[PDB]
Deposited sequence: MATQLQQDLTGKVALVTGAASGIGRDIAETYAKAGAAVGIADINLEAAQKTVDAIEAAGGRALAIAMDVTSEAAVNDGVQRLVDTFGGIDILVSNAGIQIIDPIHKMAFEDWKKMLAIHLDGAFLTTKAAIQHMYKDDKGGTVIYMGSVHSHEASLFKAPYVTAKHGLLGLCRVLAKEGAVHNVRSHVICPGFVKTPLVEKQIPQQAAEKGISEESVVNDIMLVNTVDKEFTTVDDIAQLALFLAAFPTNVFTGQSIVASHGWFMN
């Protein structure tokens, strides 16, 4: 007989895009579970509001100004976290935006900005984090925020669907490379969540759910906690879809 593990006491997490939405709930949930959390965002003011909540709720957190498209910013922010809290055990690569246009109308600079935030952000934060996690094979957890759009397409979302598909590939390579250093990788794939990023609802957005339900920030934060606290590397390399039956993986 066994039981669930959820204690993150003594762990340090970095969450990108943690000033808002999914990333904010993951960060607040990890802090409740005992982790010290780096709140990494391009919106430093909004990042410090998240830190203020975590600290008032009895946790530990640090606001980190980080544009995840910038190599120097990512490197500097990861170093600040390690200098403040002593290491980095968990990375959640979550920062993202949406830009909607059909391929034939889409500006090239909009395509490139989308790949830079979703794909370059994942590479840069992963590489910076694993230089620490690989030391003495201490290890750690890397979670990417994918989507149902990691697995299938929608109209007018070419760069988003391309990037969310690509994150599966990056996760799968890290699972293979990280194993000898006790690093595990995962992709969480939500359906539509009513964050700021989000008949329109029921006939377009939730049409391919089985039950006409949004995914919630708590759904994703519980899954992120289950993975981060899991006692073995059994889920390394996996994606898990959390979508109320929209794409059954």
- Note on the structure: According to the entry, C-alpha coordinates are missing for deposited residues 1, 200 to 215
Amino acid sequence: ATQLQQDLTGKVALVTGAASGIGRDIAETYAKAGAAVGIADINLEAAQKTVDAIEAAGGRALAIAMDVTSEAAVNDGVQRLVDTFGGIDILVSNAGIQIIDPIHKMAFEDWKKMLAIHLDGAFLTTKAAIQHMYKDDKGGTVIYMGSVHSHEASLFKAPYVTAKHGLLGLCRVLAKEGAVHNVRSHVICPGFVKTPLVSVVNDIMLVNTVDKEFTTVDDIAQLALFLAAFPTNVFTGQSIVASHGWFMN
From here on, numbers count along this sequence of modelled residues.
- Message: Quick check on the record: does 181 to 189 or 206 to 214 carry the larger mean Cα temperature factor?
- Response: 206 to 214
- Higher-scoring stretch by recorded Cα B factor average, 43 to 51 or 29 to 37: 43 to 51
- Item | Given 164, 135, 127, 172, the residue at which the Cα B factor reaches its maximum | 135
- Message: Ranking the modelled residues of this chain by C-alpha B-factor as given in the entry, is residue 65 in the lowest, middle or highest third?
- Response: highest
- Message: Considering every modelled residue of the chain and its Cα B-factor in the PDB entry, is residue 240 in the lowest, middle or highest third?
- Response: lowest
- Query: When the modelled residues of the chain are sorted by Cα temperature factor, does residue 19 land in the lowest, middle or highest third?
  - Reply: highest
- Query: What third of its chain, lowest, middle or highest, does the C-alpha temperature factor of residue 84 fall into?
  - Reply: highest
- What third of its chain, lowest, middle or highest, does the C-alpha temperature factor of residue 248 fall into? lowest
